Amino acid sequence: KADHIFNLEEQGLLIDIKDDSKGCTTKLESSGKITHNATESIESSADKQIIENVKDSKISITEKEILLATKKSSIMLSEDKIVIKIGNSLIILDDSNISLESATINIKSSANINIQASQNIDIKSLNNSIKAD
Amino acid sequence: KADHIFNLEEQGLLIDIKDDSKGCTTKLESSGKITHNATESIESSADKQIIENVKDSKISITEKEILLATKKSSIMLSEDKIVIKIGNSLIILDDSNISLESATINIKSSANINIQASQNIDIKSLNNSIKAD
Amino acid sequence: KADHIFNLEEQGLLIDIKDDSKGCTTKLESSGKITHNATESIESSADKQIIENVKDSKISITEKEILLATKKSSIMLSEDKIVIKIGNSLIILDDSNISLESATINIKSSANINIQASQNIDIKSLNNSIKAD
Amino acid sequence: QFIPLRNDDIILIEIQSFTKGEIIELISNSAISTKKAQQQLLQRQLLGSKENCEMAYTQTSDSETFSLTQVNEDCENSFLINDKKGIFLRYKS
Amino acid sequence: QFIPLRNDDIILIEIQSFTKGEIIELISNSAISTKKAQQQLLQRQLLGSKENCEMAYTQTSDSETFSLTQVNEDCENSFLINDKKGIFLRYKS
(Lines give C-alpha, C1' and ligand atoms only; values in the text may rest on other atoms or scores of the structure.)
Protein backbone atom coordinates (compact mmCIF):
# COMPACT_ATOMS: atom_id res chain seq x y z
CA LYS A 1 0.00 0.00 0.00
CA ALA A 2 3.05 2.16 -0.46
CA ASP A 3 3.58 5.62 -2.00
CA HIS A 4 6.84 7.10 -3.25
CA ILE A 5 7.49 10.70 -4.33
CA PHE A 6 10.63 12.36 -5.74
CA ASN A 7 10.31 16.09 -6.46
CA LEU A 8 12.24 19.06 -7.79
CA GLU A 9 10.30 22.24 -7.11
CA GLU A 10 11.92 25.63 -6.60
CA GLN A 11 12.41 24.56 -2.98
CA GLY A 12 14.33 21.35 -3.72
CA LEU A 13 14.17 17.60 -3.24
CA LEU A 14 11.08 16.67 -1.21
CA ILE A 15 11.56 12.89 -1.09
CA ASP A 16 9.20 10.91 1.10
CA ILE A 17 8.95 7.14 1.01
CA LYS A 18 5.86 5.95 2.83
CA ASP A 19 4.23 2.66 3.71
CA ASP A 20 0.66 2.67 5.09
CA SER A 21 1.75 4.02 8.49
CA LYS A 22 5.55 4.27 8.40
CA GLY A 23 7.70 6.65 6.38
CA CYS A 24 11.04 8.32 5.75
CA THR A 25 11.25 11.90 4.49
CA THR A 26 14.37 13.70 3.25
CA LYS A 27 14.43 17.36 2.22
CA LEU A 28 17.32 19.26 0.68
CA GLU A 29 15.73 22.69 0.59
CA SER A 30 16.91 25.83 -1.17
CA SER A 31 16.54 27.88 2.03
CA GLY A 32 19.52 26.01 3.48
CA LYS A 33 18.13 23.08 5.45
CA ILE A 34 18.49 19.30 5.45
CA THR A 35 15.69 17.40 7.16
CA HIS A 36 16.05 13.64 7.56
CA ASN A 37 13.24 11.68 9.20
CA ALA A 38 12.39 8.06 9.91
CA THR A 39 10.15 5.94 12.11
CA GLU A 40 12.77 3.59 13.53
CA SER A 41 16.37 4.67 13.03
CA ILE A 42 19.16 6.35 11.11
CA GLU A 43 22.10 3.94 11.10
CA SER A 44 25.22 5.21 9.36
CA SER A 45 28.44 3.21 9.43
CA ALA A 46 31.83 4.04 7.85
CA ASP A 47 35.36 2.63 7.78
CA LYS A 48 37.70 5.46 8.88
CA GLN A 49 36.01 8.69 10.00
CA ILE A 50 32.85 10.66 10.69
CA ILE A 51 33.51 14.41 10.98
CA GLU A 52 30.77 16.96 11.70
CA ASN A 53 32.03 20.55 11.66
CA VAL A 54 30.20 23.76 12.37
CA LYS A 55 32.95 26.44 12.26
CA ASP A 56 35.68 24.82 14.41
CA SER A 57 33.53 22.58 16.62
CA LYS A 58 34.11 18.92 15.80
CA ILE A 59 32.58 15.63 16.74
CA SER A 60 34.98 13.17 15.14
CA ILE A 61 35.12 9.39 15.31
CA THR A 62 38.08 7.18 14.46
CA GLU A 63 38.80 3.48 15.04
CA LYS A 64 39.95 4.41 18.56
CA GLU A 65 39.27 8.05 19.40
CA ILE A 66 36.07 10.03 19.84
CA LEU A 67 36.78 13.76 19.94
CA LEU A 68 34.20 16.20 21.26
CA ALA A 69 35.98 19.44 20.58
CA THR A 70 35.68 23.19 20.10
CA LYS A 71 38.21 25.91 20.59
CA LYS A 72 39.50 25.87 24.20
CA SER A 73 37.76 22.56 25.03
CA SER A 74 38.06 18.86 24.18
CA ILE A 75 36.92 15.47 25.42
CA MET A 76 39.02 12.54 24.23
CA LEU A 77 37.42 9.11 24.46
CA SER A 78 40.78 7.59 23.63
CA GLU A 79 41.36 3.89 24.16
CA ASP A 80 41.82 3.22 27.92
CA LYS A 81 42.33 6.98 28.54
CA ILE A 82 39.72 9.72 28.95
CA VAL A 83 41.07 13.27 28.82
CA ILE A 84 38.77 16.22 29.56
CA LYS A 85 40.24 19.65 28.87
CA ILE A 86 39.68 23.26 29.65
CA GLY A 87 42.87 25.32 29.83
CA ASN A 88 43.86 24.90 32.52
CA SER A 89 41.61 22.36 34.31
CA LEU A 90 42.21 18.69 33.55
CA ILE A 91 40.54 15.46 34.59
CA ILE A 92 42.41 12.43 33.24
CA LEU A 93 40.67 9.07 33.66
CA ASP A 94 43.33 6.40 33.14
CA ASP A 95 43.19 2.69 33.91
CA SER A 96 44.02 3.04 37.62
CA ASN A 97 44.10 6.82 37.99
CA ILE A 98 41.79 9.77 38.41
CA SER A 99 44.02 12.82 38.26
CA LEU A 100 41.93 15.93 38.95
CA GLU A 101 44.18 18.85 38.13
CA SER A 102 43.69 22.62 37.90
CA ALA A 103 45.03 25.75 39.54
CA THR A 104 42.18 25.97 42.08
CA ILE A 105 39.64 23.40 43.32
CA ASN A 106 36.39 24.11 45.14
CA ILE A 107 34.44 21.26 46.75
CA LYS A 108 31.01 21.74 48.29
CA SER A 109 28.44 19.28 49.61
CA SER A 110 25.39 19.29 51.87
CA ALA A 111 25.61 16.02 53.81
CA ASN A 112 28.94 14.16 53.82
CA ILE A 113 32.28 13.48 52.20
CA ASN A 114 32.51 9.77 52.99
CA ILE A 115 36.12 9.09 52.05
CA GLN A 116 37.54 5.59 52.36
CA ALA A 117 40.93 4.25 51.28
CA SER A 118 42.04 0.60 51.28
CA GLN A 119 45.62 1.76 52.04
CA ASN A 120 47.26 4.92 53.33
CA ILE A 121 46.35 8.48 52.36
CA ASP A 122 49.12 11.09 51.92
CA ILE A 123 47.64 14.58 52.19
CA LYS A 124 50.59 16.82 51.44
CA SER A 125 50.19 20.59 51.81
CA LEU A 126 51.93 23.92 52.49
CA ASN A 127 51.57 27.05 54.64
CA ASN A 128 48.13 26.51 56.21
CA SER A 129 45.54 23.78 56.76
CA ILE A 130 42.48 24.25 58.97
CA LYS A 131 39.43 22.37 60.30
CA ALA A 132 36.26 22.93 62.36
CA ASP A 133 34.06 20.91 64.70
CA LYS B 1 35.40 0.24 -13.76
CA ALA B 2 32.55 1.83 -11.87
CA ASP B 3 28.89 0.87 -11.42
CA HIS B 4 26.04 3.14 -10.35
CA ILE B 5 22.48 2.12 -9.42
CA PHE B 6 19.45 4.24 -8.45
CA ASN B 7 16.30 2.26 -7.62
CA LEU B 8 12.68 2.69 -6.58
CA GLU B 9 11.25 -0.67 -5.57
CA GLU B 10 8.47 -1.10 -3.04
CA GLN B 11 11.19 -0.91 -0.40
CA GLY B 12 12.62 2.46 -1.46
CA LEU B 13 15.80 4.09 -2.72
CA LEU B 14 18.61 1.53 -2.87
CA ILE B 15 21.42 3.78 -4.13
CA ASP B 16 24.90 2.32 -4.26
CA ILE B 17 27.80 4.02 -6.02
CA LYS B 18 30.69 1.62 -6.44
CA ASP B 19 34.20 1.70 -7.83
CA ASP B 20 36.08 -1.59 -8.31
CA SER B 21 36.65 -2.06 -4.56
CA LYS B 22 35.24 1.04 -2.85
CA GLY B 23 31.62 2.09 -2.51
CA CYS B 24 28.96 4.19 -0.84
CA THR B 25 25.45 2.86 -0.25
CA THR B 26 22.41 4.84 0.89
CA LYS B 27 19.02 3.29 1.63
CA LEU B 28 15.80 5.10 2.48
CA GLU B 29 13.64 2.07 3.13
CA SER B 30 9.88 1.87 3.57
CA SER B 31 10.26 -0.13 6.80
CA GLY B 32 11.59 3.00 8.49
CA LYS B 33 15.38 2.88 8.22
CA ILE B 34 18.13 5.07 6.80
CA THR B 35 21.42 3.30 6.13
CA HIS B 36 24.40 5.38 5.04
CA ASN B 37 27.69 3.65 4.27
CA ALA B 38 31.12 4.60 2.96
CA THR B 39 34.68 3.30 2.83
CA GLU B 40 36.47 6.38 4.14
CA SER B 41 34.25 8.98 5.78
CA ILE B 42 31.02 10.89 6.19
CA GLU B 43 31.94 14.57 6.49
CA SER B 44 29.02 16.93 7.01
CA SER B 45 29.59 20.63 7.66
CA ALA B 46 27.01 23.39 8.25
CA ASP B 47 26.95 27.08 9.18
CA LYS B 48 24.71 27.41 12.26
CA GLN B 49 23.42 24.15 13.75
CA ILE B 50 23.28 20.36 13.72
CA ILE B 51 20.40 18.99 15.80
CA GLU B 52 19.70 15.27 16.23
CA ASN B 53 16.56 14.55 18.25
CA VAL B 54 15.09 11.26 19.34
CA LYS B 55 12.14 12.27 21.59
CA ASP B 56 13.76 14.93 23.83
CA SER B 57 17.40 13.77 23.69
CA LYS B 58 19.54 16.25 21.78
CA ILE B 59 23.04 16.40 20.47
CA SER B 60 23.26 19.98 19.25
CA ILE B 61 26.20 21.94 17.86
CA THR B 62 26.48 25.71 17.58
CA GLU B 63 29.39 28.04 16.82
CA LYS B 64 30.35 27.81 20.51
CA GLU B 65 28.27 25.25 22.39
CA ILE B 66 27.99 21.47 22.15
CA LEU B 67 25.00 20.20 24.10
CA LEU B 68 24.69 16.53 25.02
CA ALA B 69 21.29 16.57 26.62
CA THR B 70 18.26 14.55 27.67
CA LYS B 71 15.69 15.22 30.31
CA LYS B 72 17.38 15.58 33.74
CA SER B 73 20.91 15.58 32.23
CA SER B 74 23.14 17.85 30.16
CA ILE B 75 26.78 18.32 29.22
CA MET B 76 27.68 21.80 27.98
CA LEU B 77 30.92 22.10 26.03
CA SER B 78 30.56 25.87 26.23
CA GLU B 79 33.51 28.09 25.36
CA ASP B 80 36.03 28.02 28.27
CA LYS B 81 33.36 26.45 30.56
CA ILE B 82 32.31 22.81 30.87
CA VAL B 83 29.12 22.20 32.84
CA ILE B 84 28.01 18.65 33.64
CA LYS B 85 24.55 18.32 35.18
CA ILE B 86 22.42 15.89 37.05
CA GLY B 87 19.98 17.51 39.46
CA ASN B 88 21.53 17.99 41.86
CA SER B 89 25.18 16.98 41.23
CA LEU B 90 27.34 19.48 39.36
CA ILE B 91 30.92 19.47 38.10
CA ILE B 92 31.87 22.82 36.59
CA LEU B 93 35.20 22.95 34.75
CA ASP B 94 36.11 26.62 34.41
CA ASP B 95 39.43 28.18 33.41
CA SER B 96 41.02 27.94 36.88
CA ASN B 97 38.33 26.05 38.77
CA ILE B 98 37.04 22.54 39.32
CA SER B 99 33.95 22.94 41.45
CA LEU B 100 32.62 19.49 42.37
CA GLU B 101 29.24 20.10 43.93
CA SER B 102 26.39 17.86 45.11
CA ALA B 103 24.53 17.09 48.31
CA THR B 104 26.69 14.06 49.15
CA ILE B 105 30.14 12.93 47.94
CA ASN B 106 31.64 9.46 48.24
CA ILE B 107 35.33 8.90 47.47
CA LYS B 108 36.90 5.45 47.37
CA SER B 109 40.32 4.24 46.26
CA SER B 110 42.54 1.20 46.70
CA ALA B 111 46.07 2.60 46.98
CA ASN B 112 46.46 6.33 47.68
CA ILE B 113 45.02 9.82 47.59
CA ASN B 114 48.23 11.70 46.78
CA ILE B 115 47.10 15.27 47.35
CA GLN B 116 49.50 18.14 46.76
CA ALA B 117 48.85 21.89 46.85
CA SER B 118 51.29 24.64 45.82
CA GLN B 119 49.75 26.91 48.49
CA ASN B 120 47.57 26.46 51.56
CA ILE B 121 44.59 24.12 51.87
CA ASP B 122 41.50 25.24 53.84
CA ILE B 123 39.45 22.20 54.84
CA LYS B 124 36.41 23.73 56.49
CA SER B 125 33.88 21.44 58.18
CA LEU B 126 31.20 21.11 60.88
CA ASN B 127 30.15 18.80 63.73
CA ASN B 128 32.52 15.84 63.23
CA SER B 129 35.72 14.91 61.38
CA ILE B 130 37.56 11.64 61.98
CA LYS B 131 40.69 9.73 60.90
CA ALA B 132 42.41 6.35 61.36
CA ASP B 133 45.97 5.01 61.40
CA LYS C 1 16.73 32.53 -9.12
CA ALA C 2 17.45 28.95 -8.21
CA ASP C 3 19.56 26.22 -9.86
CA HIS C 4 19.29 22.47 -9.31
CA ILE C 5 21.68 19.78 -10.56
CA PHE C 6 21.53 15.97 -10.23
CA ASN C 7 24.47 14.10 -11.78
CA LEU C 8 25.83 10.62 -12.37
CA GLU C 9 29.40 10.84 -13.60
CA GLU C 10 32.02 8.17 -12.99
CA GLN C 11 32.55 9.83 -9.61
CA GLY C 12 28.95 9.61 -8.42
CA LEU C 13 26.02 11.76 -7.34
CA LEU C 14 27.04 15.43 -7.30
CA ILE C 15 23.75 16.95 -6.12
CA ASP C 16 23.73 20.64 -5.32
CA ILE C 17 20.56 22.63 -4.73
CA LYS C 18 21.28 26.34 -4.79
CA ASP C 19 19.36 29.56 -4.32
CA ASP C 20 21.03 32.87 -5.26
CA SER C 21 23.35 32.80 -2.23
CA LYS C 22 22.39 29.73 -0.19
CA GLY C 23 22.88 26.08 -1.07
CA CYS C 24 23.03 22.44 -0.03
CA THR C 25 25.45 20.01 -1.66
CA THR C 26 25.50 16.23 -1.26
CA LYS C 27 28.13 13.97 -2.81
CA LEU C 28 28.20 10.18 -2.79
CA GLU C 29 31.55 9.70 -4.49
CA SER C 30 33.10 6.52 -5.88
CA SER C 31 36.34 7.16 -3.98
CA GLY C 32 34.51 6.39 -0.74
CA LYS C 33 33.30 9.71 0.65
CA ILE C 34 29.99 11.27 1.66
CA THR C 35 29.96 15.06 1.82
CA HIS C 36 26.85 16.78 3.14
CA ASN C 37 26.74 20.58 3.25
CA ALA C 38 24.23 23.29 4.11
CA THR C 39 24.07 26.96 5.02
CA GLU C 40 21.92 26.69 8.14
CA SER C 41 21.54 23.20 9.56
CA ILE C 42 21.30 19.44 9.28
CA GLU C 43 18.38 18.35 11.46
CA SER C 44 17.76 14.61 11.58
CA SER C 45 15.13 13.14 13.89
CA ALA C 46 14.14 9.48 14.39
CA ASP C 47 11.87 7.43 16.65
CA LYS C 48 14.05 4.72 18.25
CA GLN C 49 17.78 4.92 17.49
CA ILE C 50 20.70 6.67 15.83
CA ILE C 51 23.80 4.47 15.64
CA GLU C 52 27.10 5.62 14.11
CA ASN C 53 29.75 2.89 14.04
CA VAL C 54 33.33 3.04 12.88
CA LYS C 55 34.74 -0.42 13.80
CA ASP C 56 33.49 -0.82 17.40
CA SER C 57 33.20 2.85 18.40
CA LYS C 58 29.57 3.84 18.86
CA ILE C 59 27.64 7.00 19.43
CA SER C 60 24.15 5.69 20.05
CA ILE C 61 20.97 7.50 21.06
CA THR C 62 17.84 5.95 22.54
CA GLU C 63 14.75 7.43 24.19
CA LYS C 64 16.74 7.58 27.45
CA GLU C 65 20.40 6.69 26.96
CA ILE C 66 23.23 8.35 25.06
CA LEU C 67 26.21 6.04 24.76
CA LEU C 68 29.63 7.39 23.82
CA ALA C 69 31.56 4.16 23.61
CA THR C 70 34.61 2.37 22.27
CA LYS C 71 36.38 -0.69 23.52
CA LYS C 72 37.55 -0.15 27.14
CA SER C 73 35.62 3.15 27.49
CA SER C 74 32.03 4.36 27.78
CA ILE C 75 30.03 7.40 28.82
CA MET C 76 26.40 6.71 29.70
CA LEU C 77 24.07 9.71 29.69
CA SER C 78 21.42 7.52 31.27
CA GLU C 79 18.34 9.11 32.81
CA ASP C 80 19.28 10.66 36.20
CA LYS C 81 22.59 8.70 36.18
CA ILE C 82 25.87 9.53 34.44
CA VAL C 83 28.43 6.72 34.36
CA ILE C 84 31.93 7.36 33.01
CA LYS C 85 34.10 4.28 32.58
CA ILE C 86 37.67 3.28 32.12
CA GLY C 87 38.55 -0.09 33.64
CA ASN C 88 39.08 0.49 36.43
CA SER C 89 38.39 4.20 37.10
CA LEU C 90 34.76 5.19 37.62
CA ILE C 91 32.97 8.49 38.18
CA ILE C 92 29.25 7.96 38.81
CA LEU C 93 27.11 11.10 38.86
CA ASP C 94 23.83 10.14 40.53
CA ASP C 95 21.06 12.38 41.85
CA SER C 96 22.74 13.14 45.19
CA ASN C 97 26.08 11.39 44.73
CA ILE C 98 29.46 11.91 43.13
CA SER C 99 31.31 8.65 43.63
CA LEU C 100 34.87 9.03 42.33
CA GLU C 101 36.32 5.53 42.34
CA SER C 102 39.56 3.99 41.09
CA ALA C 103 42.53 2.12 42.49
CA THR C 104 44.68 5.27 42.83
CA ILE C 105 43.80 8.98 42.92
CA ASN C 106 46.18 11.90 42.36
CA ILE C 107 45.04 15.45 43.14
CA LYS C 108 47.15 18.50 42.30
CA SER C 109 46.40 22.21 42.41
CA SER C 110 48.31 25.49 42.46
CA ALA C 111 46.32 27.73 44.82
CA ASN C 112 43.76 26.08 47.11
CA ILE C 113 41.48 23.18 47.87
CA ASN C 114 38.61 25.14 49.42
CA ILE C 115 36.55 22.30 50.88
CA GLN C 116 33.29 23.05 52.67
CA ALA C 117 30.68 20.65 54.02
CA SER C 118 27.26 21.57 55.43
CA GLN C 119 27.51 18.59 57.83
CA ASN C 120 30.27 16.33 59.12
CA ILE C 121 33.12 14.89 57.07
CA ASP C 122 34.32 11.32 57.75
CA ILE C 123 37.84 10.87 56.38
CA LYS C 124 38.54 7.20 56.99
CA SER C 125 42.01 5.84 56.27
CA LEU C 126 44.61 3.17 57.09
CA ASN C 127 48.32 2.82 57.93
CA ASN C 128 49.58 6.38 57.33
CA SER C 129 48.27 9.93 56.88
CA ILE C 130 50.55 12.97 56.79
CA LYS C 131 50.45 16.78 56.50
CA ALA C 132 52.77 19.80 56.21
CA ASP C 133 52.74 23.45 57.25
CA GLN D 1 10.89 2.73 -35.86
CA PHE D 2 9.52 -0.80 -35.62
CA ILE D 3 5.79 -0.77 -34.91
CA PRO D 4 4.30 -3.92 -36.44
CA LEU D 5 0.67 -4.37 -37.42
CA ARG D 6 -1.06 -5.72 -34.32
CA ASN D 7 -4.46 -7.34 -34.41
CA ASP D 8 -7.66 -5.26 -34.49
CA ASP D 9 -6.19 -2.90 -37.04
CA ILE D 10 -8.37 -2.12 -40.04
CA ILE D 11 -6.61 -1.68 -43.36
CA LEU D 12 -7.19 -1.05 -47.07
CA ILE D 13 -5.97 -3.82 -49.39
CA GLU D 14 -5.39 -3.68 -53.12
CA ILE D 15 -5.35 -6.75 -55.33
CA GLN D 16 -2.99 -5.63 -58.06
CA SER D 17 -3.19 -8.84 -60.09
CA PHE D 18 -4.01 -12.51 -59.70
CA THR D 19 -2.17 -13.74 -56.55
CA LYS D 20 -0.80 -10.26 -55.81
CA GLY D 21 -2.15 -8.16 -52.97
CA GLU D 22 -0.70 -5.23 -51.06
CA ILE D 23 -1.37 -2.97 -48.07
CA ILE D 24 -1.68 0.83 -48.39
CA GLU D 25 -3.62 2.75 -45.76
CA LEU D 26 -4.53 2.67 -42.09
CA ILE D 27 -8.10 3.10 -40.90
CA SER D 28 -8.00 2.75 -37.09
CA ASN D 29 -6.40 4.06 -33.94
CA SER D 30 -6.06 3.04 -30.32
CA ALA D 31 -5.05 6.27 -28.51
CA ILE D 32 -7.23 9.33 -29.13
CA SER D 33 -8.99 12.05 -27.18
CA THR D 34 -12.67 12.07 -26.23
CA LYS D 35 -12.96 15.73 -25.20
CA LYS D 36 -13.79 18.95 -26.98
CA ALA D 37 -10.18 20.23 -27.53
CA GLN D 38 -10.76 23.08 -25.07
CA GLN D 39 -10.17 20.98 -21.93
CA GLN D 40 -7.35 18.63 -22.97
CA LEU D 41 -4.89 18.64 -25.86
CA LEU D 42 -3.59 15.08 -26.00
CA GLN D 43 -0.49 14.00 -27.91
CA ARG D 44 0.30 10.46 -26.82
CA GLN D 45 1.24 6.88 -27.66
CA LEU D 46 0.18 3.52 -26.36
CA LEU D 47 2.79 0.78 -26.35
CA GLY D 48 2.91 -3.01 -26.33
CA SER D 49 0.28 -5.64 -25.64
CA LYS D 50 -2.47 -4.65 -23.12
CA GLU D 51 -1.49 -1.01 -23.94
CA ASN D 52 -0.17 -0.46 -20.43
CA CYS D 53 1.87 2.66 -21.18
CA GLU D 54 1.63 6.31 -22.23
CA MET D 55 3.97 8.93 -23.57
CA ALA D 56 1.54 11.79 -23.23
CA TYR D 57 1.73 15.56 -23.28
CA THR D 58 -1.60 16.51 -21.70
CA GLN D 59 -2.14 20.26 -21.83
CA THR D 60 -5.17 21.39 -19.86
CA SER D 61 -5.99 24.96 -18.82
CA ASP D 62 -3.99 24.54 -15.60
CA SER D 63 -0.90 22.44 -16.40
CA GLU D 64 1.28 20.86 -19.11
CA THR D 65 2.03 17.36 -17.85
CA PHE D 66 4.54 15.16 -19.64
CA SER D 67 4.23 11.51 -18.65
CA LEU D 68 5.90 8.13 -19.05
CA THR D 69 3.42 5.95 -17.19
CA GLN D 70 2.71 2.25 -16.80
CA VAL D 71 -0.50 0.69 -15.49
CA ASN D 72 0.13 -2.89 -14.38
CA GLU D 73 -1.61 -4.90 -11.74
CA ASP D 74 -0.34 -3.88 -8.27
CA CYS D 75 2.34 -1.58 -9.77
CA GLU D 76 2.04 1.97 -11.13
CA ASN D 77 5.31 3.52 -12.30
CA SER D 78 5.54 6.99 -13.83
CA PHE D 79 7.74 9.93 -14.80
CA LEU D 80 6.02 13.30 -14.62
CA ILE D 81 7.04 16.83 -15.61
CA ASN D 82 4.71 19.72 -14.76
CA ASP D 83 5.08 23.48 -15.13
CA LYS D 84 4.20 24.48 -11.58
CA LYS D 85 5.64 21.49 -9.70
CA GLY D 86 8.52 19.99 -11.65
CA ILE D 87 10.25 16.68 -12.29
CA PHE D 88 8.60 13.70 -10.58
CA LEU D 89 9.34 10.05 -10.05
CA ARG D 90 6.58 7.92 -8.55
CA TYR D 91 5.85 4.36 -7.51
CA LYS D 92 2.30 3.45 -6.52
CA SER D 93 0.46 0.27 -5.56
CA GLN E 1 0.05 8.08 -32.01
CA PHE E 2 -2.42 10.96 -31.85
CA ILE E 3 -0.95 14.09 -33.42
CA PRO E 4 -3.83 16.14 -34.83
CA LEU E 5 -3.55 18.73 -37.57
CA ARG E 6 -2.80 22.01 -35.81
CA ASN E 7 -3.17 25.37 -37.47
CA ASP E 8 -0.48 26.76 -39.80
CA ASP E 9 -0.06 23.41 -41.48
CA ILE E 10 -0.07 23.44 -45.28
CA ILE E 11 -1.69 20.50 -47.00
CA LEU E 12 -2.62 19.08 -50.42
CA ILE E 13 -6.34 18.54 -50.99
CA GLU E 14 -8.05 16.47 -53.65
CA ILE E 15 -11.62 17.03 -54.73
CA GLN E 16 -12.60 13.53 -55.80
CA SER E 17 -16.15 14.42 -56.85
CA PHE E 18 -18.83 17.02 -56.23
CA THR E 19 -19.04 17.52 -52.42
CA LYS E 20 -16.18 15.08 -51.79
CA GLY E 21 -12.74 16.26 -50.74
CA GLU E 22 -9.87 14.51 -49.01
CA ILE E 23 -6.44 15.16 -47.50
CA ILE E 24 -3.28 13.39 -48.72
CA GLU E 25 0.10 15.03 -48.15
CA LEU E 26 1.92 17.30 -45.72
CA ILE E 27 3.89 20.31 -46.91
CA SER E 28 5.24 22.00 -43.74
CA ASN E 29 7.25 21.44 -40.60
CA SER E 30 7.88 23.19 -37.33
CA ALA E 31 11.10 21.59 -35.99
CA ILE E 32 14.07 21.50 -38.36
CA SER E 33 17.77 22.32 -38.39
CA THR E 34 19.31 25.52 -39.73
CA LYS E 35 22.95 24.37 -39.85
CA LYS E 36 25.14 22.68 -42.42
CA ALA E 37 24.89 19.07 -41.06
CA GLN E 38 28.55 19.12 -40.04
CA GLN E 39 27.98 21.02 -36.77
CA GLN E 40 24.69 19.59 -35.49
CA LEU E 41 22.68 16.49 -36.40
CA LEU E 42 19.21 17.20 -35.02
CA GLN E 43 16.52 14.56 -34.54
CA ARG E 44 13.77 16.15 -32.48
CA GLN E 45 10.09 16.84 -31.86
CA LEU E 46 8.15 19.84 -30.73
CA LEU E 47 5.04 19.20 -28.65
CA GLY E 48 1.81 20.98 -27.78
CA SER E 49 0.69 24.57 -28.16
CA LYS E 50 3.46 27.23 -27.93
CA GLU E 51 5.89 24.35 -28.80
CA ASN E 52 7.50 24.54 -25.37
CA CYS E 53 9.19 21.13 -25.46
CA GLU E 54 11.88 19.09 -27.20
CA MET E 55 12.80 15.45 -27.48
CA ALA E 56 16.10 16.05 -29.21
CA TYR E 57 19.21 14.02 -29.93
CA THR E 58 21.71 16.76 -30.77
CA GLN E 59 24.99 15.27 -31.97
CA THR E 60 27.73 17.86 -32.36
CA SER E 61 31.45 17.17 -32.76
CA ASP E 62 31.91 17.19 -28.97
CA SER E 63 28.85 15.52 -27.40
CA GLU E 64 25.66 13.50 -27.98
CA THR E 65 23.03 15.18 -25.81
CA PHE E 66 19.63 13.59 -25.35
CA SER E 67 17.07 16.04 -23.97
CA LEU E 68 13.53 16.25 -22.63
CA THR E 69 13.26 19.99 -22.10
CA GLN E 70 10.52 22.52 -21.41
CA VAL E 71 10.75 26.28 -21.87
CA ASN E 72 8.02 28.03 -19.88
CA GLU E 73 8.01 31.45 -18.35
CA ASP E 74 10.01 31.42 -15.08
CA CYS E 75 10.49 27.62 -15.23
CA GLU E 76 12.98 25.53 -17.23
CA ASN E 77 12.79 21.78 -16.63
CA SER E 78 14.98 19.26 -18.45
CA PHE E 79 16.37 15.73 -18.58
CA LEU E 80 19.82 15.47 -20.13
CA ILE E 81 22.05 12.54 -21.08
CA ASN E 82 25.57 13.26 -22.33
CA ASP E 83 28.47 10.97 -23.21
CA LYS E 84 31.15 12.63 -21.10
CA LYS E 85 29.02 13.78 -18.16
CA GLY E 86 26.02 11.51 -17.75
CA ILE E 87 22.42 11.55 -16.58
CA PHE E 88 21.15 14.98 -15.54
CA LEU E 89 18.07 16.43 -13.92
CA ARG E 90 17.77 20.21 -13.85
CA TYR E 91 15.44 22.96 -12.68
CA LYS E 92 16.18 26.53 -13.74
CA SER E 93 14.48 29.90 -13.35
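Above this text you will find the structure in question.
Definitions and cut-offs
- Residues numbered from 1 in each chain as written, not as in the entry; some residues may be left out.
- Chains lettered and ligands numbered in written order.
- Part of a larger assembly, values for the part shown.
- Heavy atoms only, no water.
- Residues with missing side-chain atoms left out of burial classes, pairs and counts.
- Helix = DSSP H or I, 4+ residues; strand = E, 2+ residues; numbered from the N terminus.
- Rg over C-alpha atoms; globule rule 2.2 N^0.38 Å.
- Buried < 20%, exposed > 50% of the residue type's maximum accessible area, 1.4 Å probe, protein only.
- Least-squares fit on C-alpha atoms.
- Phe/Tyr/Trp six-rings, centres within 6.5 Å; stacked < 30°, edge-to-face > 60°.
- Contact = heavy atoms within 4.5 Å.
- Nonpolar A, V, L, I, M, F, W, Y, C, P; charged D, E, K, R; others polar.
- Pairing = 2+ DSSP bridges.
- Salt bridge = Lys/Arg side-chain N within 4 Å of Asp/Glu carboxyl O.

**Here we look at the overall build of chain D**
The secondary structure content of chain D amounts to 0 helices and 6 strands. Beginning at the N terminus, the succession of helices and strands in chain D can be written as β-β-β-β-β-β. Here chain D has a C-alpha radius of gyration of 18 Å; the compact-globule value for 93 residues is 12 Å, and the former is much larger. If one aligns the C-alpha atoms of chain D with their principal axes, the spans along those axes are about 60 × 35 × 20 Å. Residues counted as buried form 28% of the 93 residues belonging to chain D.

**Topic: the relation of the copies chain A and chain C**
For these two chains of identical sequence, chain A goes onto chain C by a turn of 120° and a shift of 0.1 Å along the axis, with RMSD 0.0 Å. In symmetry terms, the pair is related by a three-fold rotation axis.

**Quick word on the packing of aromatic side chains**
Across all of its chains, the model carries 4 aromatic pairs over all chains by this definition. Connected via pairs of aromatic rings, a cluster forms that spans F6(A), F6(B) and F6(C).

**Some points on the interface of chain A and chain C**
Opposite the 77 residues of chain A that make contact, chain C presents 80 residues. Broken down by element, the residue count for the side of chain A that touches chain C peaks at 5 residues, all from strand β12 (residues 98–102) of chain A. Considered class by class, the residues forming the side of chain A that touches chain C number 27 nonpolar, 31 polar and 19 charged. Inspection of the sheet shows strand β4 (residues 34–36) of chain A paired to strand β5 (residues 41–44) of chain C by 2 bridges, in the parallel sense.

**A few points about the pattern of salt bridges**
According to the stated counting rule, one finds 12 salt bridges over all chains in the structure shown. Here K55(A) and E63(B) are joined by a salt bridge, their closest N and O atoms 2.8 Å apart. Highlighted residues: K55(A) in the loop between β6 (50–51) and β7 (59–61) and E63(B) in the loop between β7 (59–61) and β8 (66–70), drawn from two different chains. Under the relative-accessibility criterion, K55(A) is labelled partly exposed at 46%. Where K84(D) meets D62(D), a salt bridge forms, and the shortest distance between an N and an O atom there is 2.8 Å. Of this pair, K84(D) sits in the loop between β5 (76–81) and β6 (87–92) while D62(D) is found in the loop between β3 (54–59) and β4 (64–69), placing the two residues 22 residues apart along the sequence. Owing to a relative accessible area of 64%, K84(D) belongs among the exposed residues under this scheme. Since its relative accessible area comes to 51%, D62(D) is described here as exposed.

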